[PDB]
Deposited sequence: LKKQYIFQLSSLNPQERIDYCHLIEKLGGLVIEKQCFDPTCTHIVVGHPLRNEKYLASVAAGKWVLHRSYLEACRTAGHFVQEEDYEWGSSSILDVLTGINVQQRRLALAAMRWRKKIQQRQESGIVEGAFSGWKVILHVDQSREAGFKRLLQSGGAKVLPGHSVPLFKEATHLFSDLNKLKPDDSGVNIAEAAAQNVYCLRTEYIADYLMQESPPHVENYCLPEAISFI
C-alpha cells in the first residue's frame, strides 16, 4: 500500500534517476546509508554478504533487481514484485552469469521474504531472529554492525554479558564465562552462525558452531 525503498550497490546516475522515479510513483526513498526497517523494498545492484543486504533478508524485505524499477517506469505505477526478486527464476534467467555466492544470497533473500511475508499476510510480523535473546562478545569495531543486523531480524540484544543475563539469553556470539552461559541453556556460538543461518537452505548444525568451552552442553 505505502512503498518505502532503500537502494544499494547502484551507480550514481541510477540512484538519482530511481529516487526521482520512486517519488513520482508515490513511494518514499530512505536516502540514509544504514539499513532502515521502515523500508518495504530494497533495490540492489548485486547481492553481498554485508550488513545492509543480510539485514534486508533477516527482515524479509523485497530484495529486487533494478529491472523492477524499469518495469514500474513503463507502467507508470509500482508493479507486482515476484518476477523481479533477485532469487526468482525470472531474474536468474535474465542474468548472463552469476557467481555461486551471489546466487546463494539471492535465493536466501527470496526464501526469507516468502516465509516472513506469508506470516505477515496472517497478521504476525517476525524476522529470521524472532525469539533470539542475544549476548554479543565481539571486537568493539564489530559490535554495532552485529547489533543492527540482529535487531533487523527481530532479535533482542541484551545489555552486556554479565551472568544475570544468561537466564534470558538464547544465544551468545563470540568472534565472560562461556561454560556458565552454556550451563544456563545458552547456545554459545561463533559469529559465522549468523550469516550461515540466513544463507543455508536448512538451519545450520549448532554443533559445527559451538564455542570450545560450551562443547559439553
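Of the deposited sequence, the ranges 1 to 2, 178 to 187, 230 have no C-alpha coordinates according to the record.
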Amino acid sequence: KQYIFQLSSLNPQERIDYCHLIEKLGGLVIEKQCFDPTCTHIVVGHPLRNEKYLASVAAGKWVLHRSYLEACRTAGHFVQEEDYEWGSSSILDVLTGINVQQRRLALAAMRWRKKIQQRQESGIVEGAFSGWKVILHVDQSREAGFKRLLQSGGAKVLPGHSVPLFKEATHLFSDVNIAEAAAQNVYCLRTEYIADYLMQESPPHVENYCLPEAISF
From here on, numbers count along this sequence of modelled residues.
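Here the stretch with the larger average CA B-factor, out of 80 to 88 and 112 to 120, is 112 to 120. Averaged over CA atoms, B-factors in the entry run higher in 135 to 143 than in the other of 135 to 143 and 71 to 79. Out of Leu10, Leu198, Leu21, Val206, it is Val206 whose C-alpha atom has the highest B-factor in the PDB entry.
Across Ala169, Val44, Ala59, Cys34, the entry's maximum B-factor at the CA atom is seen for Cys34. Placement of the Cα temperature factor of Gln102 within the chain: lowest third of the modelled residues, per the deposited record. When all modelled residues of the chain are sorted by CA temperature factor, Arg66 is found within the lowest third.
The deposited CA B-factor of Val125 belongs to the middle third of values across its chain.
When the modelled residues of the chain are ordered by C-alpha B-factor, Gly27 sits in the middle third. Among all modelled residues in its chain, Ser152 ranks in the middle third by Cα B-factor.
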